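A.B. asks: For reference, this is model_8.cif, and it has mmCIF, C-alpha atoms.
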data_data
loop_
_atom_site.label_atom_id
_atom_site.label_comp_id
_atom_site.auth_asym_id
_atom_site.auth_seq_id
_atom_site.Cartn_x
_atom_site.Cartn_y
_atom_site.Cartn_z
CA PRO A 1 -21.79 0.97 -0.88
CA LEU A 2 -19.19 3.20 -2.54
CA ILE A 3 -15.95 1.40 -3.62
CA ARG A 4 -12.70 3.12 -4.46
CA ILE A 5 -10.36 0.80 -6.29
CA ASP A 6 -6.89 2.22 -6.65
CA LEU A 7 -4.50 0.25 -8.82
CA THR A 8 -1.43 0.63 -11.03
CA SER A 9 -1.35 1.61 -14.75
CA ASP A 10 0.46 -1.46 -16.02
CA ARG A 11 -2.89 -3.21 -15.89
CA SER A 12 -4.81 -3.36 -19.03
CA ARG A 13 -8.31 -1.90 -18.78
CA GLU A 14 -9.92 -5.17 -19.68
CA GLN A 15 -8.35 -6.31 -16.40
CA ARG A 16 -9.23 -3.12 -14.49
CA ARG A 17 -12.87 -3.71 -15.57
CA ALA A 18 -12.62 -7.42 -14.62
CA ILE A 19 -11.19 -6.54 -11.18
CA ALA A 20 -14.17 -4.15 -10.74
CA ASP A 21 -16.60 -6.90 -11.77
CA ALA A 22 -14.97 -9.36 -9.35
CA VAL A 23 -15.02 -6.94 -6.36
CA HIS A 24 -18.68 -6.30 -7.12
CA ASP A 25 -19.73 -9.93 -7.69
CA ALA A 26 -18.12 -10.72 -4.35
CA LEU A 27 -20.03 -7.97 -2.45
CA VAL A 28 -23.29 -9.17 -4.00
CA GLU A 29 -22.39 -12.72 -2.89
CA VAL A 30 -21.64 -12.01 0.79
CA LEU A 31 -23.59 -8.80 1.47
CA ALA A 32 -26.62 -10.01 -0.56
CA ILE A 33 -26.77 -6.53 -1.87
CA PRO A 34 -28.91 -5.79 -4.91
CA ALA A 35 -27.20 -6.45 -8.17
CA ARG A 36 -27.49 -2.87 -9.44
CA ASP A 37 -26.27 -1.50 -6.04
CA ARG A 38 -23.00 -0.78 -7.82
CA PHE A 39 -20.90 2.35 -7.24
CA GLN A 40 -17.18 2.27 -7.97
CA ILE A 41 -14.37 4.69 -8.77
CA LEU A 42 -11.41 3.05 -10.52
CA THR A 43 -8.16 5.01 -10.29
CA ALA A 44 -4.89 3.99 -11.93
CA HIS A 45 -1.55 5.46 -10.87
CA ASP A 46 2.08 5.13 -11.82
CA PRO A 47 3.45 2.08 -9.83
CA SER A 48 5.54 4.58 -7.75
CA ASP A 49 2.42 6.39 -6.47
CA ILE A 50 1.06 3.34 -4.61
CA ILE A 51 3.25 2.05 -1.78
CA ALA A 52 1.92 -1.04 -0.02
CA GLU A 53 4.52 -2.91 2.00
CA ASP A 54 3.93 -5.99 4.18
CA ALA A 55 3.28 -4.42 7.64
CA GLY A 56 6.17 -6.71 8.73
CA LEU A 57 4.18 -9.91 8.08
CA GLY A 58 7.01 -11.39 5.99
CA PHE A 59 5.96 -11.33 2.33
CA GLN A 60 6.58 -9.23 -0.77
CA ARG A 61 4.09 -7.75 -3.19
CA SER A 62 4.52 -7.18 -6.89
CA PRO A 63 4.46 -3.46 -7.80
CA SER A 64 0.99 -4.15 -9.28
CA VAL A 65 -0.91 -3.58 -6.01
CA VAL A 66 -4.71 -3.23 -5.91
CA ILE A 67 -6.10 -1.18 -3.02
CA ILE A 68 -9.81 -1.55 -2.36
CA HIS A 69 -11.52 0.81 0.08
CA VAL A 70 -15.13 0.03 0.90
CA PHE A 71 -17.38 2.84 2.19
CA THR A 72 -20.50 1.25 3.63
CA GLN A 73 -23.37 1.35 6.09
CA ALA A 74 -22.49 0.31 9.62
CA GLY A 75 -24.20 -2.91 10.58
CA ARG A 76 -22.19 -5.77 9.12
CA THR A 77 -20.73 -8.39 11.39
CA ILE A 78 -16.97 -9.11 11.97
CA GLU A 79 -17.41 -12.49 10.19
CA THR A 80 -19.42 -10.98 7.29
CA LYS A 81 -16.48 -8.58 6.81
CA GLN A 82 -14.05 -11.55 7.04
CA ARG A 83 -16.19 -13.27 4.37
CA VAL A 84 -16.01 -10.05 2.27
CA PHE A 85 -12.19 -10.01 2.45
CA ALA A 86 -12.00 -13.70 1.42
CA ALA A 87 -14.56 -13.54 -1.39
CA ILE A 88 -12.90 -10.50 -3.01
CA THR A 89 -9.40 -12.05 -2.89
CA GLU A 90 -10.56 -15.42 -4.26
CA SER A 91 -12.71 -13.60 -6.89
CA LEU A 92 -9.54 -11.84 -8.11
CA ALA A 93 -7.09 -14.77 -8.35
CA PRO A 94 -8.43 -16.34 -11.58
CA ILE A 95 -8.43 -12.79 -13.00
CA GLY A 96 -4.68 -12.11 -12.51
CA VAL A 97 -4.41 -10.42 -9.07
CA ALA A 98 -2.19 -12.36 -6.64
CA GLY A 99 -3.45 -12.61 -3.04
CA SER A 100 -0.33 -10.76 -1.87
CA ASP A 101 -1.24 -7.68 -3.96
CA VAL A 102 -4.71 -7.10 -2.45
CA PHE A 103 -5.22 -4.51 0.33
CA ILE A 104 -8.76 -3.92 1.61
CA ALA A 105 -10.22 -1.50 4.12
CA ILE A 106 -13.72 -0.62 5.25
CA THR A 107 -14.93 2.64 6.60
CA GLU A 108 -18.39 3.10 7.84
CA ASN A 109 -21.33 5.47 8.00
CA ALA A 110 -25.12 5.23 8.36
CA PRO A 111 -28.19 4.80 6.03
CA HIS A 112 -28.96 8.51 6.32
CA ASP A 113 -25.51 9.36 4.88
CA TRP A 114 -26.44 8.27 1.32
CA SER A 115 -28.01 9.91 -1.76
CA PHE A 116 -28.25 7.72 -4.88
CA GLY A 117 -29.57 10.54 -7.05
CA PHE A 118 -32.25 13.25 -7.32
CA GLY A 119 -31.28 15.06 -4.08
CA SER A 120 -33.11 12.38 -2.18
CA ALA A 121 -32.00 10.18 0.76
CA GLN A 122 -33.60 6.91 -0.29
CA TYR A 123 -32.92 4.94 2.94
CA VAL A 124 -34.52 7.68 5.03
CA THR A 125 -37.62 7.96 2.78
CA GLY A 126 -37.95 4.18 2.45
CA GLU A 127 -37.53 4.04 -1.35
CA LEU A 128 -34.51 1.78 -0.74
CA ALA A 129 -34.41 -1.08 1.80
CA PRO B 1 -3.10 2.97 8.53
CA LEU B 2 -3.94 3.88 4.91
CA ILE B 3 -2.85 7.41 3.77
CA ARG B 4 -4.31 9.24 0.80
CA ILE B 5 -1.93 12.02 -0.20
CA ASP B 6 -3.33 14.43 -2.76
CA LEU B 7 -1.07 17.03 -4.18
CA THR B 8 -0.27 19.07 -7.27
CA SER B 9 1.49 18.36 -10.63
CA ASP B 10 4.05 21.15 -10.29
CA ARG B 11 5.96 19.03 -7.77
CA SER B 12 8.57 16.63 -9.11
CA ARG B 13 8.33 12.89 -8.67
CA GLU B 14 11.37 13.15 -6.35
CA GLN B 15 9.56 15.62 -4.06
CA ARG B 16 6.38 13.47 -4.26
CA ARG B 17 8.26 10.55 -2.78
CA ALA B 18 10.10 12.65 -0.30
CA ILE B 19 6.74 13.94 0.81
CA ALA B 20 5.43 10.40 1.27
CA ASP B 21 8.58 9.30 3.07
CA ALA B 22 8.12 12.22 5.45
CA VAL B 23 4.45 11.55 6.09
CA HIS B 24 5.45 7.95 6.84
CA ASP B 25 8.47 8.83 9.05
CA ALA B 26 6.22 11.16 11.07
CA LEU B 27 3.63 8.40 11.53
CA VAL B 28 6.23 5.81 12.59
CA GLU B 29 7.89 8.15 15.11
CA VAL B 30 4.62 9.37 16.78
CA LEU B 31 2.35 6.30 16.53
CA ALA B 32 5.11 3.68 17.09
CA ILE B 33 3.77 1.80 14.11
CA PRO B 34 5.91 -0.82 12.36
CA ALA B 35 8.21 0.70 9.74
CA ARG B 36 6.88 -1.71 7.09
CA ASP B 37 3.28 -0.79 8.01
CA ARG B 38 3.27 1.58 5.02
CA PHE B 39 0.14 1.98 2.85
CA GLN B 40 -0.03 5.11 0.67
CA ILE B 41 -1.83 6.47 -2.40
CA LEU B 42 -0.24 9.53 -4.01
CA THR B 43 -2.46 11.40 -6.47
CA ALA B 44 -1.16 14.46 -8.32
CA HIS B 45 -3.57 16.98 -9.75
CA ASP B 46 -3.58 20.06 -11.86
CA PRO B 47 -3.32 22.89 -9.27
CA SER B 48 -6.88 24.04 -10.16
CA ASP B 49 -8.36 20.69 -9.04
CA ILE B 50 -7.35 21.21 -5.40
CA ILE B 51 -9.19 24.13 -3.78
CA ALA B 52 -8.11 24.70 -0.15
CA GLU B 53 -8.96 28.10 1.47
CA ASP B 54 -8.03 29.47 4.97
CA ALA B 55 -11.22 28.70 6.92
CA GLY B 56 -11.36 32.47 7.67
CA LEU B 57 -8.03 32.38 9.53
CA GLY B 58 -6.36 35.15 7.50
CA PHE B 59 -3.53 33.40 5.66
CA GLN B 60 -2.41 32.59 2.07
CA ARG B 61 -1.55 29.20 0.66
CA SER B 62 0.45 28.62 -2.55
CA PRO B 63 -1.18 26.74 -5.46
CA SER B 64 0.87 23.74 -4.20
CA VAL B 65 -1.52 22.36 -1.58
CA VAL B 66 -0.89 18.95 -0.02
CA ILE B 67 -3.96 17.30 1.41
CA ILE B 68 -3.13 14.33 3.59
CA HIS B 69 -5.91 11.97 4.58
CA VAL B 70 -5.30 9.44 7.32
CA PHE B 71 -7.47 6.35 7.49
CA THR B 72 -6.62 4.57 10.71
CA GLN B 73 -8.20 2.48 13.46
CA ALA B 74 -9.74 4.15 16.45
CA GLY B 75 -7.71 4.24 19.64
CA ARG B 76 -5.60 7.39 19.57
CA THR B 77 -5.99 10.29 21.98
CA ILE B 78 -6.66 13.94 21.01
CA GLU B 79 -3.07 14.66 22.12
CA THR B 80 -1.52 11.95 19.98
CA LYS B 81 -3.54 13.35 17.04
CA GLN B 82 -2.03 16.84 17.70
CA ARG B 83 1.45 15.31 17.74
CA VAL B 84 0.73 13.62 14.40
CA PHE B 85 -0.26 16.89 12.71
CA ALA B 86 2.80 18.62 14.24
CA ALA B 87 5.25 15.89 13.15
CA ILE B 88 3.82 15.62 9.65
CA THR B 89 4.12 19.37 9.06
CA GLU B 90 7.64 19.50 10.62
CA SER B 91 8.79 16.52 8.58
CA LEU B 92 7.66 18.36 5.43
CA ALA B 93 9.05 21.86 6.00
CA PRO B 94 12.69 20.76 5.20
CA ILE B 95 11.57 19.03 1.95
CA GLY B 96 9.87 22.22 0.80
CA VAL B 97 6.20 22.04 1.71
CA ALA B 98 5.29 25.24 3.67
CA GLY B 99 3.10 24.88 6.75
CA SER B 100 0.36 26.99 5.12
CA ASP B 101 0.03 24.43 2.27
CA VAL B 102 -0.59 21.23 4.37
CA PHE B 103 -4.12 20.07 5.22
CA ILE B 104 -4.67 16.96 7.34
CA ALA B 105 -7.81 14.90 8.04
CA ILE B 106 -8.28 11.71 10.10
CA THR B 107 -10.87 9.01 9.48
CA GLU B 108 -11.38 6.04 11.81
CA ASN B 109 -12.48 2.41 11.66
CA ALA B 110 -12.10 -0.81 13.67
CA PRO B 111 -9.23 -3.40 13.46
CA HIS B 112 -11.77 -5.82 11.99
CA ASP B 113 -12.02 -3.38 9.02
CA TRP B 114 -8.56 -4.21 7.61
CA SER B 115 -7.19 -6.91 5.22
CA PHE B 116 -3.47 -6.56 4.44
CA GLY B 117 -3.43 -9.37 1.90
CA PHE B 118 -4.48 -12.99 1.19
CA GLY B 119 -8.13 -12.36 2.07
CA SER B 120 -7.44 -12.30 5.76
CA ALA B 121 -8.20 -9.83 8.57
CA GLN B 122 -4.82 -10.06 10.39
CA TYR B 123 -6.08 -8.13 13.43
CA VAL B 124 -8.98 -10.60 13.73
CA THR B 125 -6.81 -13.70 13.12
CA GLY B 126 -4.12 -12.23 15.43
CA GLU B 127 -1.40 -12.46 12.75
CA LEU B 128 -0.88 -8.77 13.74
CA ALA B 129 -0.94 -7.09 17.16
CA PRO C 1 -15.47 19.71 5.59
CA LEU C 2 -13.29 17.93 3.01
CA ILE C 3 -15.09 17.30 -0.31
CA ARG C 4 -13.97 14.85 -2.94
CA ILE C 5 -15.64 15.42 -6.25
CA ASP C 6 -15.07 12.58 -8.69
CA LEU C 7 -16.33 13.22 -12.16
CA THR C 8 -15.58 12.57 -15.82
CA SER C 9 -12.83 14.05 -17.95
CA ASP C 10 -15.25 15.02 -20.70
CA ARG C 11 -16.44 17.88 -18.53
CA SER C 12 -14.92 21.17 -19.45
CA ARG C 13 -13.02 22.56 -16.59
CA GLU C 14 -15.14 25.67 -16.45
CA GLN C 15 -17.94 23.27 -15.76
CA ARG C 16 -15.67 21.45 -13.32
CA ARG C 17 -15.11 24.76 -11.45
CA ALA C 18 -18.82 25.53 -11.63
CA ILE C 19 -19.73 22.12 -10.17
CA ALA C 20 -17.31 22.80 -7.32
CA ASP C 21 -18.58 26.40 -6.70
CA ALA C 22 -22.08 25.00 -6.51
CA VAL C 23 -21.27 22.19 -4.06
CA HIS C 24 -19.45 24.82 -1.95
CA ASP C 25 -22.36 27.32 -2.05
CA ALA C 26 -24.85 24.56 -1.23
CA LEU C 27 -23.03 23.64 2.00
CA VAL C 28 -22.66 27.24 3.09
CA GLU C 29 -26.49 27.53 2.62
CA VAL C 30 -27.65 24.48 4.66
CA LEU C 31 -24.74 24.15 7.11
CA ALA C 32 -24.01 27.91 7.61
CA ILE C 33 -20.33 27.07 7.33
CA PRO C 34 -17.82 29.91 6.80
CA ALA C 35 -17.52 30.71 3.10
CA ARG C 36 -13.73 30.36 3.32
CA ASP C 37 -14.16 26.87 4.76
CA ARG C 38 -13.59 25.42 1.28
CA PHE C 39 -11.51 22.26 1.00
CA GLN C 40 -12.19 20.23 -2.13
CA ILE C 41 -10.38 17.71 -4.38
CA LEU C 42 -11.69 17.34 -7.93
CA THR C 43 -10.65 14.18 -9.77
CA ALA C 44 -11.52 13.68 -13.43
CA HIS C 45 -11.71 10.02 -14.64
CA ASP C 46 -12.46 8.37 -17.97
CA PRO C 47 -16.22 7.90 -17.87
CA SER C 48 -16.06 4.13 -17.51
CA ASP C 49 -13.73 4.33 -14.52
CA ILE C 50 -16.79 5.59 -12.76
CA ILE C 51 -19.52 2.96 -12.40
CA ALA C 52 -22.75 4.20 -10.90
CA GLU C 53 -25.95 2.22 -11.26
CA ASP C 54 -29.28 2.61 -9.55
CA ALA C 55 -29.39 0.17 -6.61
CA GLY C 56 -32.39 -1.25 -8.55
CA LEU C 57 -34.48 1.89 -7.98
CA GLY C 58 -35.43 1.89 -11.68
CA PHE C 59 -33.55 4.73 -13.43
CA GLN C 60 -30.70 5.35 -15.84
CA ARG C 61 -27.87 7.82 -15.78
CA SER C 62 -25.73 9.40 -18.48
CA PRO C 63 -22.04 8.73 -18.41
CA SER C 64 -21.35 12.24 -17.05
CA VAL C 65 -21.66 11.05 -13.46
CA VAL C 66 -20.53 13.26 -10.54
CA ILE C 67 -19.76 11.61 -7.25
CA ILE C 68 -19.47 13.80 -4.20
CA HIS C 69 -17.99 12.54 -0.93
CA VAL C 70 -18.45 14.91 2.06
CA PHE C 71 -16.06 14.29 4.97
CA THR C 72 -17.57 16.37 7.72
CA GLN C 73 -17.44 16.30 11.52
CA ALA C 74 -20.29 14.53 13.33
CA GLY C 75 -23.31 16.43 14.63
CA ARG C 76 -25.51 17.16 11.68
CA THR C 77 -29.04 15.85 11.90
CA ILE C 78 -30.80 13.36 9.63
CA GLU C 79 -32.91 16.31 8.29
CA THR C 80 -29.97 18.61 7.82
CA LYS C 81 -28.27 15.91 5.72
CA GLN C 82 -31.35 15.62 3.53
CA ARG C 83 -31.29 19.38 3.06
CA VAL C 84 -27.62 18.97 2.09
CA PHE C 85 -28.46 16.34 -0.52
CA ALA C 86 -31.34 18.31 -1.96
CA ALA C 87 -29.41 21.61 -2.16
CA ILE C 88 -26.26 20.11 -3.77
CA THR C 89 -28.38 18.49 -6.48
CA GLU C 90 -30.57 21.60 -7.16
CA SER C 91 -27.46 23.79 -7.42
CA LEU C 92 -25.91 21.37 -9.84
CA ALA C 93 -28.99 21.25 -12.13
CA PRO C 94 -28.50 24.62 -13.95
CA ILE C 95 -24.81 23.81 -14.50
CA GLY C 96 -25.54 20.78 -16.73
CA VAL C 97 -25.69 18.06 -14.10
CA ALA C 98 -28.83 15.97 -14.25
CA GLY C 99 -30.44 14.86 -11.03
CA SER C 100 -29.93 11.29 -12.29
CA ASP C 101 -26.11 11.74 -12.55
CA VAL C 102 -25.48 12.77 -8.91
CA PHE C 103 -24.29 10.52 -6.06
CA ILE C 104 -23.50 11.68 -2.51
CA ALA C 105 -21.80 10.16 0.51
CA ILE C 106 -21.18 11.65 3.93
CA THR C 107 -18.56 10.17 6.24
CA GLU C 108 -18.17 11.51 9.78
CA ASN C 109 -15.33 12.23 12.18
CA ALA C 110 -14.65 14.58 15.16
CA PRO C 111 -13.39 18.19 15.39
CA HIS C 112 -9.99 16.97 16.71
CA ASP C 113 -9.53 15.04 13.44
CA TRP C 114 -8.63 18.21 11.41
CA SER C 115 -5.54 20.28 10.64
CA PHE C 116 -6.25 23.37 8.46
CA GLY C 117 -2.58 24.31 8.22
CA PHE C 118 0.66 24.94 10.14
CA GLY C 119 0.63 21.52 11.93
CA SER C 120 -2.08 22.77 14.21
CA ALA C 121 -5.44 21.38 15.24
CA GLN C 122 -7.44 24.60 15.12
CA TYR C 123 -10.67 23.27 16.72
CA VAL C 124 -8.72 21.77 19.65
CA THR C 125 -6.54 24.87 20.35
CA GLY C 126 -9.54 27.17 19.91
CA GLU C 127 -8.22 29.22 16.97
CA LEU C 128 -11.46 28.03 15.26
CA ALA C 129 -14.82 27.39 16.91
#
Re-express the file's structure as C-alpha cells.
C.D. replies:
Amino acid sequence: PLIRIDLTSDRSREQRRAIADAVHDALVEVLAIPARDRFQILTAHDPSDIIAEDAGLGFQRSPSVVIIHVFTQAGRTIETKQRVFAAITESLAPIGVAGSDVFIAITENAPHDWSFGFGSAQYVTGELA
Amino acid sequence: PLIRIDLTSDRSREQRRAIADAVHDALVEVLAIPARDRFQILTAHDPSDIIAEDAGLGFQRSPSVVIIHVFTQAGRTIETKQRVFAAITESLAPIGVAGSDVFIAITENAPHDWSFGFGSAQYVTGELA
Amino acid sequence: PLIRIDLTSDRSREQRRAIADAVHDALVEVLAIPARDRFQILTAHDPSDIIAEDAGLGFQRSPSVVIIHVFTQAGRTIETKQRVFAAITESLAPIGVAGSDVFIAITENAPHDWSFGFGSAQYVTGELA
C-alpha cells in the first residue's frame, strides 16, 4: 500500500520518522503485509495549512494534527479496517500523538493498479503475492 | 470529506485561507454536511510545480492554478457533483481565483473507510450519521 | 488524468520538468489522450520523507525515488495499465531515473468526477468527449 502522512512542522523529524514507523508497524500487524512492503510520503506543513475539526463529535484537537491516507488494494474487511484504525492510533500514543489528533482515510484500487519498480506490474505477473 | 487543495506560492497566506474557507462553504451549502466536518490539506508550490493545461478546450490559465481534490464517500448524484463544481468556482471568483484557474477532481470510498479520531470508524460505530 | 509526482528535492528542476514531460508523453503514447490533457502536481521532499522499499522482492533503490500517482477515470484494461507502467519507466530511464527508483499507483473514478475549469463538468455537458 501507498501511505501519505500529512502532519505539521512543529514535530521534530525524529518524531515524524517514529510516526512513520508506527503507522507501518501497525499495517504489518493487522494486514500481515510483508515487512518491506513499505511505501510512504511524509509531508509537513505550517499548522495553518492543515484544518481538521471535529465533524461535530464534541472534541478539540491540538494544532499538531496527523492525517494518514491509505491507498490500498480492495479486499479488506470492514473489521480489518476497524482493526487498522485502532492499531495505528494505539501505535502512535506512546510516541506523542494524541488520539484526538489522528485522522485516517482509506481509498481503494486493485492489484493491477500497482508497479513497485522496473515498469512491471508484479501482482499481475505473479512476482508478488 | 477530505480535501487536498494544491496551489501556488504567489498567493498570500490570507488568500490561501480564504480559498479554503470558500471550498468549505461551498461543500457545506451543496452537500448539507456539518459545518465542523472540515478536513483540509493546503499545499503551496512554486508555480512551475503545478502544470495544468486546457484539455484542448482553447483557453488560458494564469500561473496561479488551484487544484482541488475531493475525497468523499460514494452516494452523490452526477447532478449534485455538478452543483459542487459550480459552487466551488463561484465561491472562489470573489476572493480572486479566476474560473480558468480552478481544477476539481472527486475520489470516492465507503463510510467504513473513515476514522475521525481515537482509532474509531464513527460511521461503523454509528457515532456519526 | 491528474498526476501527482512525488520526488526528492535533490533533483534539479530541469530534471524535475523532464521527469514530468516524460510521464506526460508516456500517457499520450499508451492512452492516446489529448496532448493538452496535462494536469500534474510535482512535490519535492527531503529524500527521507519518501520511504520506498521493495515489498520483499529482493532489490535496492537509491534515495532519488520518484513516486507517480495516476488519478484516471475507469475503463482502462489490465494490459493497457501494464503498457502504462512500462512506458513511464522506459521514458524516465534516459532522464536519470533508474528502473529501481520508480513507483506507480493508479486510482480510478468516473468521467463525472472532473472539472477542467470554469465550474463545469466538461465530460457530463459534452464539451469534452
A.B. asks: Please determine the contact residues of chain B with respect to chain C at a cut-off of 8 Å, counting all atoms listed in the file, and supply them as a VMD selection string.
C.D. replies: chain B and resid 6 45 49 to 57 78 81 to 82 85 to 90 98 to 108
A.B. asks: So that I can check the surroundings of residue 91 of chain B, please list as a list in words every protein, DNA and RNA residue that reaches within 9 Å of it, counting all atoms listed in the file and ignoring chain neighbours fewer than 6 positions away.
C.D. replies: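 Residues meeting the cut-off are residues 19, 22, 23, 25 and 26 of chain B.
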A.B. asks: I need the residue nearest residue 96 of chain B from this list: B:47, B:59, B:32, B:65. Use only C-alpha atoms for the distance.
C.D. replies: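 Closest residue, counting only C-alpha atoms: B:65.
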A.B. asks: Chain A least-squares fit onto chain C, all C-alpha atoms in order: RMSD in Å?
C.D. replies: 0.3 Å
A.B. asks: What does the distance from atom CA of residue 66 of chain A to atom CA of residue 28 of chain A come to in Å, to one decimal?
C.D. replies: 19.6 Å
A.B. asks: Taking N, CA and C atoms as the atom set, what does segment 28-42 of chain C look like once completed, written as a PDB file, in the frame of the given file?
C.D. replies:
ATOM      1  N   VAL C  28     -22.488  25.958   2.414  1.00  0.00           N
ATOM      2  CA  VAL C  28     -22.660  27.240   3.090  1.00  0.00           C
ATOM      3  C   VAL C  28     -24.147  27.514   3.413  1.00  0.00           C
ATOM      4  N   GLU C  29     -25.045  27.322   2.433  1.00  0.00           N
ATOM      5  CA  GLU C  29     -26.490  27.530   2.620  1.00  0.00           C
ATOM      6  C   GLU C  29     -27.113  26.703   3.764  1.00  0.00           C
ATOM      7  N   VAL C  30     -27.009  25.375   3.689  1.00  0.00           N
ATOM      8  CA  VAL C  30     -27.650  24.480   4.660  1.00  0.00           C
ATOM      9  C   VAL C  30     -26.879  24.387   5.985  1.00  0.00           C
ATOM     10  N   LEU C  31     -25.551  24.354   5.919  1.00  0.00           N
ATOM     11  CA  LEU C  31     -24.740  24.150   7.110  1.00  0.00           C
ATOM     12  C   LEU C  31     -24.298  25.466   7.780  1.00  0.00           C
ATOM     13  N   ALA C  32     -24.510  26.603   7.118  1.00  0.00           N
ATOM     14  CA  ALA C  32     -24.010  27.910   7.610  1.00  0.00           C
ATOM     15  C   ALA C  32     -22.546  27.821   8.058  1.00  0.00           C
ATOM     16  N   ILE C  33     -21.750  27.226   7.177  1.00  0.00           N
ATOM     17  CA  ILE C  33     -20.330  27.070   7.330  1.00  0.00           C
ATOM     18  C   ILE C  33     -19.685  28.370   6.822  1.00  0.00           C
ATOM     19  N   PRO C  34     -18.525  28.765   7.391  1.00  0.00           N
ATOM     20  CA  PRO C  34     -17.820  29.910   6.800  1.00  0.00           C
ATOM     21  C   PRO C  34     -17.536  29.700   5.312  1.00  0.00           C
ATOM     22  N   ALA C  35     -17.730  30.762   4.540  1.00  0.00           N
ATOM     23  CA  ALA C  35     -17.520  30.710   3.100  1.00  0.00           C
ATOM     24  C   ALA C  35     -16.081  30.338   2.759  1.00  0.00           C
ATOM     25  N   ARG C  36     -15.122  30.716   3.604  1.00  0.00           N
ATOM     26  CA  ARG C  36     -13.730  30.360   3.320  1.00  0.00           C
ATOM     27  C   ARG C  36     -13.326  29.001   3.897  1.00  0.00           C
ATOM     28  N   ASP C  37     -14.323  28.264   4.365  1.00  0.00           N
ATOM     29  CA  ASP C  37     -14.160  26.870   4.760  1.00  0.00           C
ATOM     30  C   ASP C  37     -14.347  25.967   3.520  1.00  0.00           C
ATOM     31  N   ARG C  38     -13.411  26.049   2.570  1.00  0.00           N
ATOM     32  CA  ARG C  38     -13.590  25.420   1.280  1.00  0.00           C
ATOM     33  C   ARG C  38     -12.357  24.583   0.993  1.00  0.00           C
ATOM     34  N   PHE C  39     -12.549  23.271   1.114  1.00  0.00           N
ATOM     35  CA  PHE C  39     -11.510  22.260   1.000  1.00  0.00           C
ATOM     36  C   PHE C  39     -12.093  21.163   0.147  1.00  0.00           C
ATOM     37  N   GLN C  40     -11.618  21.112  -1.101  1.00  0.00           N
ATOM     38  CA  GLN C  40     -12.190  20.230  -2.130  1.00  0.00           C
ATOM     39  C   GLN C  40     -11.121  19.673  -3.039  1.00  0.00           C
ATOM     40  N   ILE C  41     -11.271  18.402  -3.418  1.00  0.00           N
ATOM     41  CA  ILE C  41     -10.380  17.710  -4.380  1.00  0.00           C
ATOM     42  C   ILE C  41     -11.209  17.201  -5.559  1.00  0.00           C
ATOM     43  N   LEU C  42     -11.060  17.820  -6.719  1.00  0.00           N
ATOM     44  CA  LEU C  42     -11.690  17.340  -7.930  1.00  0.00           C
ATOM     45  C   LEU C  42     -10.812  16.318  -8.647  1.00  0.00           C
TER      46      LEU C  42
END
